[PDB]
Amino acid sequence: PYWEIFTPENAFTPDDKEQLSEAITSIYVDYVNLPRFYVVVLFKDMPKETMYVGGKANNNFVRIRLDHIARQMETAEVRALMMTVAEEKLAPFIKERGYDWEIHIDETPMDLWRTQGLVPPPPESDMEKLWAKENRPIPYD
């Protein structure tokens, strides 16, 4: 997963970002058994007067966009659950701190993706489980 989180400048401390990125990572570890290192979260500070909503600056706004590469979600129920779980992980840092926020996901081709130069193994394969156990990309054939 590839997460971008656009925030007001200095909204989050390093400890905040660690805790939030840990919560996001736990989504994929708990629900999909993904290797932890698949989960990338990029925090991007946005100065005042750079984020515009409906033609007006919103300096109290967190905008989230992510790509899902590793898996495709095939049912309405699973797709709704992903959005629900995402909101649960985010709420302590965003909603409950008074920010406005919005989030969307795109699904991108699994075969156009490399990590440390390696082709990630098939979903739910024994090799994927090994990558998850050691939490690193291990060369294989």
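In this text, residue numbers run from 1 along the sequence as written.
Report task. Look over 43-51 and 102-110 in the entry and identify the one with the greater average Cα temperature factor. Result -> Per the PDB entry, the higher value belongs to 43-51.
Requested in this report: Give the stretch, out of 132-140 and 1-9, with the larger mean C-alpha temperature factor in the deposited entry.
Outcome: It is 132-140 that shows the higher mean C-alpha B-factor.
Report task. Could you check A57, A70, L66, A86 and tell me which one carries the biggest Cα B-factor in the deposited entry? Result -> Reading the PDB entry, the winner on C-alpha B-factor is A70.
**Report entry** Residue, from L34, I94, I27, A80, that the PDB entry assigns the highest Cα B-factor
**Finding:** The listed residue with the largest C-alpha B-factor is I94.
Query raised in the report: Which third of the chain does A76 land in by C-alpha B-factor: lowest, middle or highest?
Result: Highest third, going by the recorded CA B-factors of the chain.
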